[PDB]
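Enquirer: Could you work out the structure for the sequence below:
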Amino acid sequence: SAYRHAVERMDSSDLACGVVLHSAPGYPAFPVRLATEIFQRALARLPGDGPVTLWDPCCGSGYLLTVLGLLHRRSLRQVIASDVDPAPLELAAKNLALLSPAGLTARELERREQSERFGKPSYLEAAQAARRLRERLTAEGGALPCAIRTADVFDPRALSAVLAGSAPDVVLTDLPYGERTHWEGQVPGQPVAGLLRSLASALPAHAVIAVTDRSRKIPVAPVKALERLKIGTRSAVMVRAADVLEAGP
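Expert: Numbering: from 1, shown residues only. Shown next is the protein structure:
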């Protein structure tokens, strides 16, 4: 596949994992360029272009959702994060804190304090990145409403509490490594199918569900794929919520 939206390689350095946004040893970053490509492909499959509610129900460290929240602030009404275990969620919460000017100010201050203490140039590189992100966030809509809760995405009855009355237009998630057959591989068909059915039970009919994995092709049949892409070692697939429901059990 070719980049349709992220056509020219951007300066995504301010959003790099471990600069302003928070890194973890146990969770991967996600490439910014691919994140924005997938998100823009999903937006292109929505009926209209009003403000979008975006949900990541396997949010991990929250890096992915936070990249999208900042980068695509102008296109977003709110973001929702959820995942099954407490460990990732502590870090996801730190990342989501960056979706307000106050959170970015706090991170910038932390980096400036680290500069004074340690003297490493990178801390000041990070403080300036946080300042720039805050300035863009302020100009592009201000604080982005966000919520984060624990929930098992495979349990459809858990979902209404995560949504708290919101109707997500886009789900975008990087599949958790524990759902893979093994660490090297990919999530198999039955788990993917169950994930999609669970989500579609909670979403409005028009919602676009976009999932990505380390694989050549993510199995969704008998659901019809709206669209697929392959970039590097990663693939993505998008489906419509209404179509998932039409496929049956």
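
Enquirer: make it CA atoms for all contacts and neighbour counts henceforth
Expert: Will do.

Enquirer: In contact with the nearest residue to residue 45 once chain neighbours are set aside, which residues are there?
Expert: Computed as C-alpha to C-alpha, 6 or more residues apart in numbering, the closest residue to residue 45 that is not its neighbour in sequence is residue 208, at 7.1 Å. Counting by C-alpha atoms under 8 Å, 6 or more residues apart in numbering, residue 208 makes contact with 42, 45, 46, 169, 170, 171, 238, 239, 240, 241.

Enquirer: now swap in residue 142 and tell me
Expert: In this structure, residue 142 makes contact with 100, 101, judged by C-alpha under 8 Å, 6+ apart.

Enquirer: ok so, going back, ramachandran coordinates for the residue nearest to residue 45?
Expert: Its backbone dihedrals place residue 208 at phi -100, psi 120, with angles given as degrees, to the nearest 10.

Enquirer: how near is it to residue 14?
Expert: In this structure, residue 208 lies at 28 Å from residue 14, with C-alpha to C-alpha, to the nearest Å as the measure.

Enquirer: Also residue 23?
Expert: For residue 23, the distance to residue 14 under the criterion C-alpha to C-alpha works out to 14 Å.

Enquirer: is it fair to say residue 78 lies in a strand?
Expert: Yes: secondary structure assignment (DSSP: H, G, I helix; E, B strand; the rest coil) places residue 78 inside a strand.

Enquirer: Pretty sure it sits against residue 53.
Expert: Yes: distance between residue 78 and residue 53: 5.1 Å, which falls inside the contact criterion (C-alpha atoms under 8 Å).
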